[PDB]
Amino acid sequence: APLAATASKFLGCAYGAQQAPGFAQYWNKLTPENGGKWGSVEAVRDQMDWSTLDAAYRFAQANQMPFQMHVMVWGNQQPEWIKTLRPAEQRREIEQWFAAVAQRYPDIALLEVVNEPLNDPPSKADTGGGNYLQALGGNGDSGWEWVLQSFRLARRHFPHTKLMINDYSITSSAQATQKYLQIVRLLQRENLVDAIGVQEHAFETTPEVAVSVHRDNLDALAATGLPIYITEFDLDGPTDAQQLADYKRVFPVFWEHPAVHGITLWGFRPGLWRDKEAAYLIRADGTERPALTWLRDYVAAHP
């Protein structure tokens, strides 16, 4: 049985080939790690490779776990062919991408419309950069026109789907939280956003900023009345002990927050994004690390 089986909020994980073994025995919600990024689906213009995204969606439905679509608009892993197209043609391609996802996947629990607006807008012309910011109106009058246009498109094409914004390095500072909330404020003028996501990777939760500051900033995000999701949680494990200590220090602050409606770990087996930093909770030999032993007991004790 998954760790959060009897909890009031989900505990999910990034799903993909290396995260697949025993997945449903641990987690009760998923996000496709890479297959839902536009560059993964439409690497070649007007031919859609849905295989990896289908795999994640099929698995989620078969195990009756909520599916978070990751991700519609982002500044990495976007198609290469779109970069040099005129803004009018880029926009038509974006709209087609939105309509295609909406048609194929009607049971999306949370649609991540824009990821990393404060950190990685689709304004670069490098590998996977997209370079389509101006197709969505660029900064515009508010400074975040492109975000507004992305969520407007999401509302139009996904009329019954919960819409989420996602970003990193938010709760680590009041200034970043206030910046992020300006975007949320602009979105709420047209009631365009339903959920607030913060990634909370290991680099976001280091101890030089106290967890109480993270909690205060969670309160600030919660003041919007919108549900909060922790979307891409990981903690490094150069030693088992450091990982265990960090899990004890950091995880409860997010898990116990009343506005947090779910946490998704960004992988749990080797091959996850922060493999080099040993953020995995299960070793190469299949054995559970002390942080995971603790996590199961902690989650069971906190429904």
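The numbering used is simple: start at 1 and walk along the sequence shown.
In this entry, 154-162 has the higher mean Cα B-factor, the comparison being between 196-204 and 154-162.
Mean CA B-factor, 55-63 versus 241-249: the higher value falls on 55-63.
Highest C-alpha temperature factor among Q103, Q149, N131, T171, as the PDB entry reports it: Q103. Ranking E232, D216, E145, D120 by Cα temperature factor from the entry places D216 first. Looking at the C-alpha B-factors along this chain, the one for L272 belongs to the middle third. Ranked by C-alpha B-factor against the other modelled residues of its chain, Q47 falls in the highest third. In the PDB entry, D141 places in the highest third of its chain by CA B-factor. Among the modelled residues of its chain, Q182 has a C-alpha B-factor that falls in the middle third, as given in the PDB entry. Looking at the C-alpha B-factors along this chain, the one for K37 belongs to the lowest third.
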